[PDB]
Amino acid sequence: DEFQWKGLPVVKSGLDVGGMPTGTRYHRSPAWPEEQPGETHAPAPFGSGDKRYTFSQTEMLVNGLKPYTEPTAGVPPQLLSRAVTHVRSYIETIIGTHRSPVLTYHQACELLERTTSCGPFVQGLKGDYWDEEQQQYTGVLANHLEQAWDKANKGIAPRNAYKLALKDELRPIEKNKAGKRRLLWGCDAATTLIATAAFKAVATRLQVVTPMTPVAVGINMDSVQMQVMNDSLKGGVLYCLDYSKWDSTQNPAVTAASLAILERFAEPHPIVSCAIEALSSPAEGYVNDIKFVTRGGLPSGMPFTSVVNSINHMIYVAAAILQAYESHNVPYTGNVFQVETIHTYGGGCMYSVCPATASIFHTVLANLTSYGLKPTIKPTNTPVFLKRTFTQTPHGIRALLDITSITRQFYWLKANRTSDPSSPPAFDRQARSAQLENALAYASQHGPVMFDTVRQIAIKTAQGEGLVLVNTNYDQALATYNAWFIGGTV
């Protein structure tokens, strides 16, 4: 029986999943005891210590879960069909109509992320149960997986259940003041296994062919693939959107259609239906002794979140463009993704529209926001995608990582948990230096001048952390990035 919990419609789970982690893994770097000019990010609030601050973590959870309680308008039932077949047809013409065989049990198991949680039903990390050169899972997780597997082949779908938490990361100071913190949903490992077996081969086929499909997932932004994307933009009117609150505004019907398109490139199988059944159902987030069941939107932690959401984006935008043409009563000749050029990774997203669609992009936007989306409207000559500014360099176009993304890595370091971010960190030294070697290699792509200011920051950091760096000068830092980039080898 439903009941209110902090303003949220909630139900007793029958378990006690526990409270959310207190504290942060982020420490301020020993070499940087005060706030440098331009500094704009800090560790997200972390509870009773999180000490500069003071919000109730549970209220920060509830605040984030709130958008999932009020559902979205979606796409008109009869536009959806037309948009769907545009999306399905275009991806049919580039990856073909072969239906990919379901993965075997061992293949899906080894594809699971071992560093992360087992979900709400099993405790610890997945890699507490991994046995190598038996090449399998062992003990009580393996029991959880084998059962879900056997049941899936019988047609019993796994639960769309998640362990709710909060993402420990560096967020804007403004957002930290307001008690904002991003949601983490740790999917039931079993559900990931089933969904991996069902769609991994389809996602791989999309990845092999990126960015020839508006599903960009898997793209090496530090390779030639990024230039392929950049090349595709020429000749069109460029819009660059990064939609706000994308996860919580995803329509269940659009998601069902997206899962139906993936279904088309997979062998019909008890496992595929079970995946579709699970990933189609409302997401159940477990926290403490309750569970919250979504009324709309999509959990960020869902298996193949990037792929499903990117097909969602395709459906949404195709619908919006068609609708626009329909209202202005102009026939839409060909496929949306040939006439226009689209690239999506979840909630963003670049559009290279044709002069005819660009003419009526106002209506296109109004349609997207009428579906319940929030795009976040002026054309641009600057392609921004996956947090990268596409910029001309003396050695070709490069996807440039925010200068602030680079420097921010030197002032803070990910280490042990703490309620005091200022306390001296205990960290793997050689790994820290690897991160900062990489950081500098990125920096180098910004030119000799702006590299040097990062160079100086890197050397001070070397002193205070007792490190040794090789990319600490321009040419060596250039050489190593280029090695990547004609390399493919990041």
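Residues carry their position along the shown sequence, with the first being 1.
The stretch of deposited sequence separating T376 from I377 contains 4 to 9 residues lacking coordinates in this entry. Between 328 to 336 and 232 to 240, the higher mean Cα B-factor belongs to 328 to 336.
When the mean C-alpha temperature factors of 114 to 122 and 275 to 283 are read from the deposited coordinates, 114 to 122 comes out higher. In the PDB entry, the Cα temperature factor peaks, among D188, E146, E133, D222, at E133.
Compared with the other modelled residues of the chain, the Cα B-factor recorded for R82 ranks in the middle third. Among all modelled residues in its chain, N153 ranks in the middle third by Cα B-factor. Ranked by C-alpha B-factor against the other modelled residues of its chain, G372 falls in the middle third. Among the modelled residues of its chain, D402 has a C-alpha B-factor that falls in the middle third according to the deposited record. Sort the chain's modelled residues by C-alpha temperature factor and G296 lands in the middle third, per the entry.
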